[PDB]
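Single-structure report; data block below.
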Amino acid sequence: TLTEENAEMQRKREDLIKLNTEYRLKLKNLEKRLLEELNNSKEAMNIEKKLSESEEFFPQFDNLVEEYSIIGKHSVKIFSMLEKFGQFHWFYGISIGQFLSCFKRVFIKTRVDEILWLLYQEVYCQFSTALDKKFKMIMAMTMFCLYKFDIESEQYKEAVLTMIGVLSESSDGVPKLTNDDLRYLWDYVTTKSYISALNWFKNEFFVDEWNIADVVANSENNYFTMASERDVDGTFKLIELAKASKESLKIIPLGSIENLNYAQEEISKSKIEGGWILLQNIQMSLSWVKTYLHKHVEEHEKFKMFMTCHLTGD
């Protein structure tokens with residue numbers, strides 16, 4: 001944030017570094033001049049003035065840090081939740097580097113309120129696609145609570161908790177709700193339209209989302225992984241995506257050793273001349289994947305590939 005959000009802080013940091021370098025150079029020049037004078041027997045004032053001017057820079061940075069601590073607490077909360085999601089199921093690993101990349105991409109694309117809104121929107125829009133529908137709803141409502149409980153009052157927080165409780169069949173009671181939003185919410189819960197209530201929450205807070213085309217469009221790395229339940233198949237979805245993107249897709253089912261050699265030859269060819277690669281059901285040759293593809297992953301242009309696996313798999 002100090003590097004790429006405010007120009008004043010970066011300019012003052014550069015000025016302080018330059019002043020330290022100038023003070024060191026002035027001390028070296030003074031020592032050399034003293035040695036020359038001993039052998040033959042305004043710069044210092046400017047350095048002193050610069051040091052006196054730069055002596056009061058830390059209080060401003062401390063005040064800026066104190067004014068931007070709620071965003072840090074919110075980032076810690078976000079990373080704690082996304083790490084908790086890696087414990088609920090083992091396919092949802094979220095690490096520090098990815099979150100640092102998304103927080104940087106917040107700035108790459110009420111200043112505190114707007115920067116926090118941008119952080120929440122980018123984090124949700126980037127981390128939603130890696131989740132199934134129920135966990136997507138869960139995480140969306142947790143960010144809704146984490147935003148509306150720290151921008152708004154306490155009675156709103158209690159009302160949200162008690163209506164989540166009556167949604168969860170745990171605690172029942174008349175809330176102290178405090179517009180036409182309340183009419184729709186009451187007309188949903190009294191009609192027992194739970195999916196409509198969750199849809200109304202999601203449409204009320206979040207206004208943007210990524211489809212498959214959007215998430216594959218705003219991507220940079222050349223390695224991809226795709227997962228689904230065994231009753232749903234994304235092979236023809238990738239076929240339609242490649243037809244819309246005018247990219248050459250060749251489906252490669254796994255299986256026997258000849259299929260593995262064919263897959264190796266085709267991914268070598270696609271690393272050579274570009275293209276798109278789909279490995280259907282990478283659950284088949286698990287050890288072969290864990291050796292060959294992991295060794296390949298650990299820089300041609302216009303080269304993308306995909307891996308299709310299953311949530312209810314190894």
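Chains: A, B, ... in order of the structure tokens. Residues: from 1 per chain. Ligands: from 1, in order shown.
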Requested in this report: Could you give me, as number ranges by chain, the residues within 10 Å of residue 223 in chain A, counting only C-alpha atoms and dropping anything in the same chain fewer than 3 positions from it?
Outcome: A: 219-220, 297, 303-307
Report task. From the DSSP assignment of the backbone, select every residue of range 42-183 of chain A that is alpha helix (DSSP H), and format the answer as a PyMOL selection string. Result -> chain A and resi 43-54+58-67+70-88+96-108+111-127+133-148+154-167+180-183
Query raised in the report: Leaving out residue 106 in chain A and any residue of its chain fewer than 2 positions from it, which residues lie within 9 Å of it when counting only C-alpha atoms, given as a list in words?
Result: residues 101, 102, 103, 104, 108, 109, 115, 118, 119, 121, 122 and 123 of chain A
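With only C-alpha atoms as the atoms that count, the residue of A:181, A:43, A:301, A:132 with the shortest distance to residue 222 in chain A is A:301.
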Report task. Choose the residue, out of A:189, A:2, A:34, A:145, that has the smallest atom-to-atom separation from residue 172 in chain A; count only C-alpha atoms. Result ->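 Of A:189, A:2, A:34, A:145, the one nearest residue 172 in chain A is A:189, counting only C-alpha atoms.
Using only C-alpha atoms, the smallest distance between any of A:195, A:19, A:35, A:116 and residue 150 in chain A comes from A:116.
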Query raised in the report: What's the 12 Å shell around range 58-71 of chain A, counting only C-alpha atoms, without same-chain residues fewer than 6 positions away, as a list in words?
Result: residues 1, 2, 5, 6, 8, 9, 10, 12, 13, 16, 77, 78, 103, 111, 112, 113, 114, 115, 116, 117, 118, 119, 120, 146, 147, 150 and 151 of chain A
Query - Residues near range 79-92 of chain A, cut-off 12 Å, only C-alpha atoms, skip fewer than 2 positions along chain, as JSON, numbers by chain - result: {"A": [72, 73, 74, 75, 76, 77, 94, 95, 96, 97, 98, 99, 100, 102, 103, 120, 123, 124, 127, 128, 129, 130, 131, 132, 135, 136, 138, 139, 140, 142, 143, 146, 225, 226, 227, 228, 309, 310, 311, 312, 313, 314]}
Grab the residues selected above and save them as a short mmCIF file (atom, residue, chain, number, x, y, z; two decimals), in the first residue's frame with C-alpha atoms.
```
data_model
loop_
_atom_site.label_atom_id
_atom_site.label_comp_id
_atom_site.auth_asym_id
_atom_site.auth_seq_id
_atom_site.Cartn_x
_atom_site.Cartn_y
_atom_site.Cartn_z
CA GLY A 72 -5.10 -4.94 7.67
CA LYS A 73 -7.44 -6.64 10.14
CA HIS A 74 -9.85 -7.32 7.27
CA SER A 75 -7.05 -8.81 5.16
CA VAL A 76 -6.04 -11.04 8.08
CA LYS A 77 -9.67 -12.15 8.44
CA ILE A 94 -5.06 -20.86 -0.61
CA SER A 95 -1.56 -19.55 0.08
CA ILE A 96 0.06 -16.21 0.87
CA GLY A 97 1.46 -15.63 -2.63
CA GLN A 98 -1.90 -15.84 -4.40
CA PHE A 99 -3.50 -13.41 -1.94
CA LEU A 100 -0.56 -11.03 -2.30
CA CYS A 102 -4.72 -10.47 -5.84
CA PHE A 103 -4.14 -7.57 -3.44
CA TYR A 120 -13.38 -7.30 -1.15
CA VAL A 123 -10.91 -11.14 -3.64
CA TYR A 124 -14.46 -12.45 -4.09
CA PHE A 127 -11.57 -16.70 -5.33
CA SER A 128 -15.21 -17.55 -6.07
CA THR A 129 -14.56 -19.68 -9.17
CA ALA A 130 -12.45 -22.20 -7.22
CA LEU A 131 -15.47 -23.21 -5.10
CA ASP A 132 -18.67 -25.20 -5.49
CA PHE A 135 -19.35 -22.85 -0.45
CA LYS A 136 -19.63 -19.97 -2.92
CA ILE A 138 -21.20 -19.41 2.24
CA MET A 139 -18.12 -17.36 1.42
CA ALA A 140 -20.18 -14.62 -0.25
CA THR A 142 -19.29 -14.28 5.12
CA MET A 143 -17.79 -11.36 3.17
CA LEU A 146 -17.49 -8.93 7.34
CA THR A 225 -6.70 -27.18 -13.19
CA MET A 226 -10.43 -27.86 -13.46
CA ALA A 227 -12.65 -29.93 -11.18
CA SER A 228 -16.29 -31.01 -11.06
CA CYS A 309 -10.35 -33.99 -12.21
CA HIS A 310 -13.15 -34.79 -9.75
CA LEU A 311 -14.10 -33.42 -6.34
CA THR A 312 -15.05 -36.91 -5.13
CA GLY A 313 -11.69 -38.35 -6.10
CA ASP A 314 -8.21 -39.01 -4.75
#
```
